[PDB]
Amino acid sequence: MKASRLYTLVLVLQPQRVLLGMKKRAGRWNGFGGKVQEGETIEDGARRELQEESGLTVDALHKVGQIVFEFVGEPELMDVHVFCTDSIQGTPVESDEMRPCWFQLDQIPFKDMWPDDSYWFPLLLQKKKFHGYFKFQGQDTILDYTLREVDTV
């Protein structure tokens, strides 16, 4: 088995809309997140990345899933811990690398999201927790994947 590097992903999910960020420098909408750093808990890394990437603060997050990504030709797995929150402080801010935008929950922009999101984001919307794994060739093609609803993440 490959080694894995820890990442976070945060979805700001309100009753009628979700906040996503478009990668500016590519072209896909995603939640907010990045690499966990030395000495911080995963949840604190998720809060930090949300603040660094979007400007938003939150005192707490709910863990909703974990997804492992494998890319053909890359030596490490990405171990992505997925969090949600419904409660925000501040306005999202555009940066040189990210443009935030709200989407109504009948307009989730799946075609401009990573392909895996079509599989797990419906579970998130149903208040379900999940574990996933996806093996990609490049940015567009899934060669293998597993997904399971779990009671505890």
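The term rigid core refers to the maximal set of C-alpha atoms that superpose within 1.5 Å between the two forms. So that there is no doubt, residue numbering starts at 1 and follows the sequence shown.
Remark: when the other structures in 6 other deposited structures of this protein are fitted onto this one via the rigid core, 90 to 98 deviates more than the alternative among 90 to 98 and 118 to 126, judged by RMS CA distance. Stretch 134 to 142 is the one, of 11 to 19 and 134 to 142, whose CA positions lie farther from the shown form in 6 other deposited structures of this protein once all structures are superposed by the rigid core. Per the record, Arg25 and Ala26 are separated by 1 to 3 deposited residues that have no coordinates. Stretches compared: 133 to 141, 16 to 24. Higher mean C-alpha B-factor in the entry: 16 to 24. Of the two segments examined, 95 to 103 and 119 to 127, it is 95 to 103 that shows the higher average Cα temperature factor in the deposited entry.
Taking the deposited Cα B-factors for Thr41, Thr85, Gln66, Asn30, the highest one is held by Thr41. Of the candidates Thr152, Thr146, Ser4, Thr8, the PDB record gives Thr152 the highest C-alpha temperature factor. Among the modelled residues of its chain, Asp112 has a C-alpha B-factor that falls in the middle third according to the deposited record.
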